[PDB]
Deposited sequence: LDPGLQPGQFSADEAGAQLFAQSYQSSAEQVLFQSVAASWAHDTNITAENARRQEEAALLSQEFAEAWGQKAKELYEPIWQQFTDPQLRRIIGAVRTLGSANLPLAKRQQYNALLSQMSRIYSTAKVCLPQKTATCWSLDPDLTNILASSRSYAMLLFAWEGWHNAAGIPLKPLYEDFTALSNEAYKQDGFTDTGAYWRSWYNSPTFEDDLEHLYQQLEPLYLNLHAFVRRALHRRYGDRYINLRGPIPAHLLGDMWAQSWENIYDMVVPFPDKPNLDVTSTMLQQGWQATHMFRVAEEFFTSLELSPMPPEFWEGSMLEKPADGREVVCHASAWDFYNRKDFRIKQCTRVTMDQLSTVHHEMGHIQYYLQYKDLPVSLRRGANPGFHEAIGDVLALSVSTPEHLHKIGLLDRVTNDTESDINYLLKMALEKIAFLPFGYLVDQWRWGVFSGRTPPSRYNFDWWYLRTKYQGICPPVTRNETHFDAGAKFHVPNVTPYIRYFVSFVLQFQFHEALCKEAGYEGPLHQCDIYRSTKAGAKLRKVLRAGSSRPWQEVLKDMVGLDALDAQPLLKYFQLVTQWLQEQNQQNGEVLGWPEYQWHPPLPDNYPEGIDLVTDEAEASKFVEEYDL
């Protein structure tokens, strides 16, 4: 570790901890920047040499973390919990958590290599056609197939091809990662890595609180599921759709069946009302990636939040490179921890759902811009779910028919009950369909980290959860050679997921509060906070707090409640919740999937007829 980056000496008291945190911040920003920059160079240009440099940067970060972590525990282990300065407690508490820096050097190198290799496998996996040369990438190729194809056999080829190509090679690496991760965090005092991940929410009742939320939300999902299953039955037939069983997992518009907005055209209750999927208009009008990011930016500035700085436009990767070089296409927003460089890396496609993704990612950037002057350790969301909700909340306003009209994406304006059902159904396909998936992913991973799910049951327990919560089934047979959890980005890239369940609840609490602050006095689902500087100032207070204060208190200040609450989501959706319940009763639907063992047959002449 460079001498200038090494911890000096400080008193064993709070006043020494304060000087300790300032000296830490100085060197931490440099160590973080080199690490983030190395990751950027790799993720925008996947090569063996760039992976080598990223692993070296990661090792330097662990060296820094160990030196300052062990100094913090040498001086302040018994006194940090009683500091008068609450923010200093939070800084010290972070510095003393060593994580992977607890591993001996050889195991640190093994850990870093596993992360690099798992990331490379996921982001370079291809589905090749039997033209053995011609191969499809996840983004854009397979994504577009899952979204736009209505051929059962083609969707099956993409789904199976992807899950086999990405998942199978990941499994042995993921087992080794799990063990090393647990070994590291057990030395921080946690029973397993999942216990450390859950500790970020600082709630002893976290898992019970989540379960109580899901109980309130499940009836909405069950009714949406049944309605969509009926629509799929009308298209695909009784051979491929069981009206009393799970839905085949490749028919819902998305590789993970996690959002169903891409099948809206098949389920739209009132098709002679305005077409709320504006993708065709974006195409017809010549929208490009840069337009989408500028439109998102202008929403933020309309609230008197910050525009994207020049460094963002100069540094960001907003389209998949055409030079063919391999990149991580999965969208992400980057803080370089130097208070200057902030970037998005997105293989942007011109679609309405991608416009939502742009807002999501710009939400992350806006957070970074607002807390850039806090101590580096507090440059975080109040909890990780706050960070995920910011851009989604703005996108709730952007997607309203009234707002789409303002930005020239929807000429026809209507305010009637049928148009409301259409819109709320489209929003339910995006938001309510996700809830079971957002809930289940880390239930699977918590079980893996705790040892309840050993490698011999990775796929068994994955599909148990997928059927239990989402009510879907794999469209081809799977066994424990398959590792279908690994075919979802966040698993090999070791990104926790419960934040997204939290953020899908929170964003409606936020929306309700901002709409009220904006002076809006109509239905919650028609609110548009565009150009509300009052709403912007309330949101700005959250963003500037970072993780300096307990999230329960930040939430109370914003929305008047100190807890996650499903009521605002329920209130947003109430008209379509009622409508879907009535429609399923009239149609005699069975809610749920009592034929839990059912799987669709293979197409005749599959995969042979894929050409």
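- In sequence order, the deposited residues that have no C-alpha coordinates form the ranges 131, 613-629.
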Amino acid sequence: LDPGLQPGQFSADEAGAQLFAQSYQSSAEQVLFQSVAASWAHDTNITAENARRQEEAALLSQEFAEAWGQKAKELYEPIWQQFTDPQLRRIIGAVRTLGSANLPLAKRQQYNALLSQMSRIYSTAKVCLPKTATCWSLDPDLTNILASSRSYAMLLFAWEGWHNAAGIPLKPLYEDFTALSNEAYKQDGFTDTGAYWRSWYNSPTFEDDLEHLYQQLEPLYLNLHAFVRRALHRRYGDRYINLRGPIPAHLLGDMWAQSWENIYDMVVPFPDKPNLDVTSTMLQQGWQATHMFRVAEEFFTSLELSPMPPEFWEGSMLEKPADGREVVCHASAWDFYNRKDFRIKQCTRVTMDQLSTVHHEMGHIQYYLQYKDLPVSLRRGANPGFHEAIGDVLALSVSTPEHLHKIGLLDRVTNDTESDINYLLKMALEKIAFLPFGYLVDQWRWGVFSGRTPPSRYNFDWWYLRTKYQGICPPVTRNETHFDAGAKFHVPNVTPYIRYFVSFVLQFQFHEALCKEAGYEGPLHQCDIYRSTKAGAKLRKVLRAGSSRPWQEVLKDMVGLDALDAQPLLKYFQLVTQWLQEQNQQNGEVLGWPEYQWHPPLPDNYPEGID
From here on, numbers count along this sequence of modelled residues.
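The term rigid core refers to the maximal set of C-alpha atoms that superpose within 1.5 Å between the two forms.
- Annotation: of the segments 190-198 and 71-79, 71-79 departs further from this form in 6 other deposited structures of this protein (C-alpha atoms, root mean square over structures and residues, core superposition).
- For 411-419 versus 509-517, the mean Cα distance to the shown form in 6 other deposited structures of this protein after rigid core alignment is larger for 411-419.
- Per the compared records, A133 is unresolved in at least a third of the other entries whose models span it.
- Mean CA B-factor, 187-195 versus 79-87: the higher value falls on 79-87.
- When the C-alpha B-factors of 505-513 and 323-331 are averaged, 323-331 comes out higher.
- Across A165, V398, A147, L425, the greatest Cα temperature factor reported in the deposited entry is at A147.
- Of the candidates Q354, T290, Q216, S100, the one whose C-alpha carries the top B factor in the deposited record is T290.
- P104: CA B factor lies in the middle third for its chain, per the PDB record.
- Annotation for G93: C-alpha temperature factor in the highest third relative to the rest of the modelled chain, per the entry.
- Placement of the Cα temperature factor of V413 within the chain: highest third of the modelled residues, per the deposited record.
- Ranked by C-alpha B-factor against the other modelled residues of its chain, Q581 falls in the middle third.
- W551: CA B factor lies in the middle third for its chain, per the PDB record.
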